């Protein structure tokens, strides 16, 4: 079942499997790393079957990617889509509450009913983290353990498609993908991360949702429907 045991052709959507072929061995290696963590009595989030969830929506349909740092550190929050929580989760994580405050300020929409960002993933938004696992209660605990080559490969593969792309890069780890978006079909929006620690330094007022749609329209691409129920 794990990414140690089974090939990309089974774990992810067909387009993503071909896109991530250069990091096939690296993905299996990450499988081995998580096995070794369980063997040692350390835990990881999200659940193994959710780790590559962002690549289970069609590669060919991605128009925008949102890139965070790493998954939520609290058990019951991370679901393998960056910033998303399961429909029954309340309260929202403070990062997500901050995203929803900018979402209302930018778009004029009411607060969403819940924290499930599945609609965005279904409408061509890739919900990526630079690093795809974390040890509970220890943010950035799996930084530099091999995920960066996988998320680099994903961005590089998206950018090489003969299709417009807009990247929303939230925080310092996300912004290390900026050099791979240099090509003329690609444009990056960068801001500080919506985490309480950083959000007051430029996240609030950044209007990422409306600016991504302006950037798409200007490249001849259809805008994202951001409206959550």
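Numbering follows the first chain given and starts at 1. Rigid core here is just the name for the largest C-alpha set that superposes within 1.5 Å across the two forms.
After fitting on the rigid core, which stretch moves more in 9 other deposited structures of this protein, 17-25 or 202-210, going by C-alpha RMS?
-> Higher root mean square deviation of C-alphas in 9 other deposited structures of this protein is shown by 202-210.
Comparing C-alpha positions in 9 other deposited structures of this protein against this form, with the rigid core used for the fit, which stretch differs more, 193-201 or 35-43?
-> Stretch with the higher C-alpha RMS distance in 9 other deposited structures of this protein: 193-201.
Can you let me know which of the two, 18-26 or 213-221, has the higher average C-alpha B-factor in the entry?
-> Taking the mean B-factor of the alpha carbons in each, 213-221 is higher.
Which of the two stretches, 180-188 or 37-45, shows the higher mean Cα temperature factor in the record?
-> On average, C-alpha B-factors are higher across 180-188.
Taking the values straight from the PDB record, which of 84, 133, 122, 114 has the highest C-alpha temperature factor?
-> Largest recorded C-alpha B-factor: 114.
Pick out which of 65, 197, 174, 52 has the highest C-alpha B-factor in the PDB entry.
-> Checking the PDB record, the top C-alpha B-factor among 65, 197, 174, 52 is at 197.
If you rank the chain by CA B-factor, which third does residue 165 end up in: lowest, middle or highest?
-> Middle third.
Can you work out whether the C-alpha temperature factor of residue 76 puts it in the lowest, middle or highest third of the chain?
-> Its C-alpha B-factor belongs to the highest third of this chain's values.
Among the modelled residues of its chain, does the C-alpha B-factor of residue 118 lie in the lowest, middle or highest third?
-> Middle third - that is where residue 118 ends up once the chain's C-alpha B-factors are sorted.
Quick one: classify residue 109 as lowest, middle or highest third of the chain based on its Cα B-factor.
-> Its C-alpha B-factor belongs to the highest third of this chain's values.
CA B-factor ranking of residue 100, expressed as a third of its chain = Residue 100: CA B-factor falls in the middle third of its chain.
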